[PDB]
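Below: one structure, written as structure tokens.
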Amino acid sequence: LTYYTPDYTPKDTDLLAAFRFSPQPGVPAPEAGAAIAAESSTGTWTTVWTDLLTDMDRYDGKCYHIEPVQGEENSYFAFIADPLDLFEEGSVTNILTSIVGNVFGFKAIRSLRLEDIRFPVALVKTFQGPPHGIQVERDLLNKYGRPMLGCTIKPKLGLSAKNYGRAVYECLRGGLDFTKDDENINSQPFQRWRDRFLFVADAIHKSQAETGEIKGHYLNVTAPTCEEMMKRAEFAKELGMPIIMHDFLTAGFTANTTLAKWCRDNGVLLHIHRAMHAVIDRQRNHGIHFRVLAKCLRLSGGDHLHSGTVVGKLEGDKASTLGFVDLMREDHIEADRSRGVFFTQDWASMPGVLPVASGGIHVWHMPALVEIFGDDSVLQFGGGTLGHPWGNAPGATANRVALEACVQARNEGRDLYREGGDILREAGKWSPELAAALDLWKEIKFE
Amino acid sequence: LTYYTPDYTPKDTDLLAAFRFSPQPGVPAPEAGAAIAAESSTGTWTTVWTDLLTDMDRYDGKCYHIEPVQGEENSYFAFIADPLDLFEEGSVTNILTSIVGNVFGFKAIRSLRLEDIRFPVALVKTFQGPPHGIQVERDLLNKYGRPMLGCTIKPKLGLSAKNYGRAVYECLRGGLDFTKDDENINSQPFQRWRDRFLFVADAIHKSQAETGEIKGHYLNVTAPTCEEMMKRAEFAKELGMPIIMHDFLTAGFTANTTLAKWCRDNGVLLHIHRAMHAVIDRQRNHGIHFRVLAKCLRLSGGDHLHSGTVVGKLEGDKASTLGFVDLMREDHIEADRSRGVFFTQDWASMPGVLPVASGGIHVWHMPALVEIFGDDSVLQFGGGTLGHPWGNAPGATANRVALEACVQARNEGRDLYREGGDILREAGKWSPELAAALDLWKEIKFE
Amino acid sequence: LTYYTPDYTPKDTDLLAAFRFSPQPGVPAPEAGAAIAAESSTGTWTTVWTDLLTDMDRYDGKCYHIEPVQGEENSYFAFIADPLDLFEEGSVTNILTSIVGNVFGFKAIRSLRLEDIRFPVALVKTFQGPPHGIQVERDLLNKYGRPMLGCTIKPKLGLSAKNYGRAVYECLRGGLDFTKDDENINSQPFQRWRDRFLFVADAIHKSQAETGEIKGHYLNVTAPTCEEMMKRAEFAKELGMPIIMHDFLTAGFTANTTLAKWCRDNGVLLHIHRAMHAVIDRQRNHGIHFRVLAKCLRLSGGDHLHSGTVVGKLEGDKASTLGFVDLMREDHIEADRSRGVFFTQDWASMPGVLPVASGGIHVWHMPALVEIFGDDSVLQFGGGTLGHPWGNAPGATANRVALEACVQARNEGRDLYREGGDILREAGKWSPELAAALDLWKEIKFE
Amino acid sequence: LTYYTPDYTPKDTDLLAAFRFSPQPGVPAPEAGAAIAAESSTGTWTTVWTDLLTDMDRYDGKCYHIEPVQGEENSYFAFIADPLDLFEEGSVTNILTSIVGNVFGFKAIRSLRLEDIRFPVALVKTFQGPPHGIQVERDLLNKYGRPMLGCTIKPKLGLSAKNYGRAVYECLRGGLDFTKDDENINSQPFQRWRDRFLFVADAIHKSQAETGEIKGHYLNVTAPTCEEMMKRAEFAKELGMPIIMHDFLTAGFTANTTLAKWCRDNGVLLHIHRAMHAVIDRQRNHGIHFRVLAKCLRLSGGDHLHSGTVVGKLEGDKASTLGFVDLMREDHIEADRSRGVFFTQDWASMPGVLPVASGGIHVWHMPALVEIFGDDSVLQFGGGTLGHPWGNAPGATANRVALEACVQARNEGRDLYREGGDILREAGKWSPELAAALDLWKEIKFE
Amino acid sequence: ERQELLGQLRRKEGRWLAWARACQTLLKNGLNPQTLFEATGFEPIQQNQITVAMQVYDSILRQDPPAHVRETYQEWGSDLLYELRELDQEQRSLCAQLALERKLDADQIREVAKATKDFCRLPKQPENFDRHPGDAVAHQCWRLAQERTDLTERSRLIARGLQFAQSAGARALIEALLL
């Protein structure tokens, strides 16, 4: 166990991952770092009969750091290193299996949190990538100046064929870009997966016929078996739906990589609903960070990704989210600890994933929303208590007016994060739906 | 938000799951319980235009209980209830997606840990179950009185096609029942997945030819794509290997349920490595418990399951480990909080999964092992520094002698937790390999 | 043979079936009940060599009751119980094979009639269910306030490709909802199955083009070989026909369930014509009851199913039919001996089957029909001598007018069993076809 | 309604079926006969608009007889006819659907029983026929002088894979020709469906290796759907089993005709268990006769057929069974009312089905057995209480010894109905197992 | 060493001990498990069933069963004694005498043998309690019945929950429950 801080000049490929590390007391610090390095590959120098003959020194995962956390008791990040050959081409599953499969909870340290990951240029290129780029998705959708629009159909259940279908039509027609079905609206015996697809497909079809804009709904294909998944996807391509949604973390990376390769094979856009992403990433001392899932899910490709929003959050947390939010659209990213990006990572022209925020947000945050995500994002609505008394299609129309006025007033150059409220309020002067939106909430949080 | 404890008379199907719950201060306790109940389904009574017309009261996930933890500050156990129709037949993915997909980290409470789950008889019956029973696996393997034997081939890497397969032949001809790959010997470019399968297969076949016992190796089929998985499985059935191993939690439940239905379709036994488990189940305030994964993985069927061991652990932890060992061999289980089984669960003749323990255990731990797991288990070796200074096949022979003497001395009725060291001492009197095993370690931990 | 009435405390799953029982004289009654219980499973405790080493007591089909028939010589009702594990998931064939395969005619009793069967909630959830619900069928057909309309194309034979399809055209153009052919129509060499499908398909399509209502006529697919059956049924799917009809009892559940699984795998309705249901359910002392058969059909997964009518029948018989009529729309049914429900049965959200009545009924029977089947049914015409001396199209139109005008009477609140004749009299005051319908028959059977 | 007895000169093809007919009083007899004739096809001269333009007179089903039953009150058999074109090639389902689908229970007569059927030479040579002849089955099995041997396994359940596999060894090895499981053995939770096949198959293969006689087991493939059925049956051919058993009447004729065409396609013998027969054929006034099912099941081909036995029933009934027993072996059969053959039937070289009897008969009826079925049959054992107190394999040997000696005795020319008991007495003089068989029962029923 | 000792196995002669004494002595001839059943007629599953209660009978010669617990126990309790393989020498005859004074359906003591196994593990017996199946079952409700809260799932242990007429302590502790 002599793999503490031997410098060694960390190299080009190198898989330089990091860790938020907390020992149990009675443990010297770099011995536990080399314990991480040994547990990552070929555990603790396991004695064999070939040791005396041949030296096993080509596949060692030696680390090269021991830096204490600024403002923390017993907490210092440790930079490891795994050279190349421990990983299969094509797999994110092998990546997670090799790095963190048994390393956590090895009964010596108190806690450990996989914080960051560096992916080399020579492993990035061998994956599939996303099915379509941000560029290519805008090419297929003709949405060139504004972020995309979306709401969730309410309520969740008891809202069957026609009930779920007709509702979608109104919400969509009102002027939105997308709608997404309830996350757990898989094939449940009050609402069979067949007719929901048929009516939503027809619903979207009729919508396009009227509005003249390319429209789409996020169809859920979270399936028990992979053959069920391929069957529902092949029906989604049979009727010509432009996009399907599929949660990644409960369904699994093998299903997700297979579905992404399918979406490349038939040219359909791909949405990913971060489901149960807090059961791993919430606590600040134990787990993995959602950032590592974000990079891994850019690799096992997807065209959209729920990422959440910043409304009244803490400053470093907001920046942290932003840090990981700009660690996907860009393909050459520097390293900031305060944004949480520990590594300078290249992507070698992988056309990264659109983020999309979904929280309890009404139109009052519209000016702030764009002010944050710029232009390259999708924005959601309909989470909490924001049932528009006037109607869902008037709500969608007010939303469309709100985003158009916000994008144009950002183009005006007037501070959209300062004169936001005034803009929307002034805009609603001809749209009564937006006036009702002005009536139902407010934005006197700050300047 | 009135779902606090309306006593509910909790019913037959009911999906009665539980939670280890810890609020942030400034939060009253049962309001946060009904917040869990609302976030589980149809969030926070989302206002629609039809709530005045129709009452949405058939699918409410409904909390009914509150009870503070004995010996803990600011924590209690909440008992949730979800009636039937929120779940698809065939899926464990839909189960996890409905129960914990967004409920965690909802920025009101400090922490939350999915502790337990009750599965009803009317949802248990519609799943696949395991591919083979404990009964049926013993039927296919003719191993009728003793636990099964296994070691891990060492070292991990740099130990290519002829090397690995003929080391498997040596370590299996020594007298073991099984040998496994570890988690990360997938198709890596120093060792292609083809020839490892071919040589391990030929080693199994020649070893069956010599020893006259049915033998097998745990072949790893952790694959990037599902088509790669089915291809490697179909080659595993083409040459007639009795069992394949496949990690569940990084590969994903869709791939695992598909592979289990495949193993039913061709009659091959199925091993599951619990890789990446310690990310989720280690901390005692946040995550899910490995017990819930154990029940869910009995459902999305598997014939083996790594479960770890008890060597010098804490008493209540050892009792909990015995608890979820008992959750997967018995088919009618009562409810003990101290063993961690909160619910009385039926299984309706699902022939449950064999456990298998793998820790840093040498032969002196063997009189504890048959003391703990009884007869219905598999036992592993080769984890840490236990390189036999004579050889791997002498080590396997000493292991076989050790387990045979231990099973027969348990049949002797000598209380083998007390005299097991002396049992091995009289056992090694003719076997020099077991005498070396006596020489290399010791058992004077405790009586 | 001691299984007579040991009171058993009959349980949740339990498969509690009943029997109308009649011994031959010289037989004591409960010994013959335990003879039924033994013949149902593990006959008369077949002597074995393992009977003195192991007690076979886990799978005993166990009788528990005896009760003589009110108003009958030498007959009683025996309540059988079969625990769980004697039945396969997915099969109704295994259900019938286990319960009544050899039990009848065992040369001790005079006669025996399988009267009723209570399915458990942990075995009825593992079946397929119907392909579409009553809800979902109305969703696909947009028929929301009235029962559906239908007539049989007359004559039966000699009425070939252009004749039959164009003959249905007029009928369908008249205003009906459906038009199915009789059983004897399969691929017979005067009328090949090809061109009938083609012409009926084109007739449906042009009739949808003219009337603007969703239309569809039953297309018998009763086939010799499963492959052939599916082959001919596949044509309908390619020609976009919304529904196919298929007799259940002569074709077999094995070929029925398989076709039923393919019916919900393509999203097409399902028409099950009870053919040959009088030579197995007619006699009141020997056979099985239609109610039991009906339950099995619901388990299979059919959309519609001929249930006959009540016109001038006996009071208890009418109620009996009504009792079983609800045994397939309601999903929680109590137990009435005079009606039929022998034991309360849950269905756990299986969206039950529409009934449809077909007897010698003209339009004056229509105010009885909506009096009896309420709203959730389909009504047939064209059985006996009711050839409209004006024409089939006019006749069909008249029928629609009647029901349409009638349904209004139900919503009106006039007690339509009393005034329905006068309702039709004021209805025909502008429609001359309905006036001819008034002319051709009468309603003075009773008040 | 004029079809009473117009003498018709009944013709070559003609489908001359008969009926046991019983009116309700107040009904003249030949009007009810023409009512049967009208209800069989184109009911009761249904009026139409083309009745005054074209006469529907090519497809009428007129009768030609009305003879009263010798020794019965109100009971006379009718001789209805149906020309050719009402029936599809390939189907028995269409035959039953056309003849008796609605004719029974038409609320005019008291009771009706389909007694017999004549199959024309221009419609009985267009069906598949059996997969193999009696000739061809003997060719594949090399059993040339004696009837074949078989004993059902006992217990019926709780007797799992290795326990139900090793138990078949003794029964088969002991010297029998076949063994077959009961209908209730399909895929259950207490005993998979593929596992059993594997074990059973191996037993057959090792028993062929030891005894040098071609051996086989009747494997049950009664399946829920068709795909599953074919799938499970497909495995049997892959394993190499000579015969599969499949019940006909609960599984259905579509599944059975498909499975028979499969057995022709792969050359596997075919057994049929007549489960659920006693529902339909027991009462002497209402149903169909098992004879009609026997001819229909010779058509939808099968190589074996349970037919029961005449242990000690009434002479009148004994002859009846014989009458229908010669309605398969022979291919040109005359007409005996006191035998069943109502009309002479040709078969045009269809190589008819082997019968096999299975009742509570031990080795005491062996002498009588050879006396009845001659040589072309299979004989069963193991029904009731005949557990051999020595063992199942000693019982098997005794059985074979008995039949073998019995066959020789019949060949000798001693009138073996008279001396068969003494034959077995001299036969058991060296075999102690047969001496135990002599000890356990007796034969002094009659001369 | 063995001449014609398998014919009694072949003819199925002997009650149950003439099978087990024979198979155990015969197992040291040279043939494996798949050879003694490949002729005589003994399924491997059962071959082991009576290949242990042989040694359980070697274990239960601690107390003499007083001629009321050995009459019909000569070749019985096959699966009954087969399943008990984790009991304490001090309870193997004590659980069997319970199984022959209770007369339930043949496999019912598999569940008492697990809670009994847990009872003989806690570092020290509970005071005012003793080590026995009758007490273990009575003390099994303490960490179950008591843990329960509702009369639906707490009144079912009024017969099987107690029935430890071999310990007054449990009877004196099962009095404050008529609440």
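Along the chain as shown, residues are numbered 1 onward.
Looking at the header, which is where the method is noted, we find electron microscopy, 4.3 Å.
Every residue gets a Cβ built from N, Cα and C, even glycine.
Under the heading active site, proton acceptor, Swiss-Prot lists C:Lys154, C:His273, citing sequence analysis as support. The substrate binding site annotation in Swiss-Prot covers C:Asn102, C:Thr152, C:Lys156, C:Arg274, C:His306, C:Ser358. Under the heading Mg(2+) binding site, Swiss-Prot lists C:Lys180, C:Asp182, C:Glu183. Here Swiss-Prot flags C:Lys180 as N6-carboxylysine. For C:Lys313, the entry in Swiss-Prot reads site 'Transition state stabilizer', with the evidence type sequence analysis.
Structure with Swiss-Prot features highlighted.
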| residue | record | DSSP (3 states) |
| --- | --- | --- |
| C:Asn102 | substrate binding site | coil |
| C:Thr152 | substrate binding site | coil |
| C:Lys180 | Mg(2+) binding site | coil |
| C:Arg274 | substrate binding site | coil |
| C:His306 | substrate binding site | strand |
| C:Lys313 | site 'Transition state stabilizer' | coil |
| C:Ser358 | substrate binding site | coil |
Under 8 Å Cβ-Cβ from C:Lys180 (Mg(2+) binding site), six or more apart in the same chain: what's there?
C:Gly150, C:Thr152, C:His217, C:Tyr218, C:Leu219, C:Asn220, C:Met245, C:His271, C:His273
Rank the recorded positions C:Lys154, C:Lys156, C:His273, C:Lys313 by the number of other Cβ atoms within 10 Å of each Cβ and report the first-ranked residue.
C:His273
Tertiary neighbours of C:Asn102 (substrate binding site) (same chain, Cβ under 8 Å, six or more apart):
C:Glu39
Cβ atoms near C:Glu183 (Mg(2+) binding site) (within 10 Å, other residues, all chains):
23
What is the one among the binding-site residues C:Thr152, C:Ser358 whose Cβ has the most other Cβ atoms less than or equal to 10 Å away?
C:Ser358
With every protein chain in view, how many other Cβ atoms are within 10 Å of the Cβ of C:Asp182 (Mg(2+) binding site)?
22
Same chain, 6+ residues apart, C-beta under 8 Å of the C-beta of C:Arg274 (substrate binding site), given in sequence order:
C:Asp247, C:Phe248, C:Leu249, C:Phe290, C:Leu293, C:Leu305, C:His306, C:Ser307
Of the recorded positions C:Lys154, C:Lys156, C:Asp182, C:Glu183, C:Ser358, which sits closest to C:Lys313 (site 'Transition state stabilizer') by Cα distance?
C:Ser358
Write down the Cα-Cα distance for C:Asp182 (Mg(2+) binding site) and C:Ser358 (substrate binding site), rounded and given in Å.
12
Rounded to the nearest angstrom, how far is the Cα of C:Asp182 (Mg(2+) binding site) from the Cα of C:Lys156 (substrate binding site)?
7
If you count Cβ atoms within 10 Å of the Cβ of C:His306 (substrate binding site), leaving out that atom itself, what do you get?
22
How many Å lie between the Cα of C:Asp182 (Mg(2+) binding site) and the Cα of C:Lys154 (active site, proton acceptor)?
9
Can you tell me how far the Cα of C:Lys154 (active site, proton acceptor) sits from the Cα of C:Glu183 (Mg(2+) binding site), in Å?
13
Is any of the binding-site residues C:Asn102, C:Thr152, C:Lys180 near chain D, in the sense of a CB under 8 A from one of its CBs, and if so which?
C:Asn102
What whole-number distance in angstrom separates the two most remote CA atoms of the substrate-binding residues C:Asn102, C:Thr152, C:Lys156, C:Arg274, C:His306, C:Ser358?
39
Cβ within 8 Å of the mean position of the Cβ atoms of C:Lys180, C:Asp182, C:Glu183: remaining residues of the chain near Mg(2+):
C:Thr152, C:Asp181, C:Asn184, C:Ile185, C:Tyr218, C:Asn220, C:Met245, C:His273
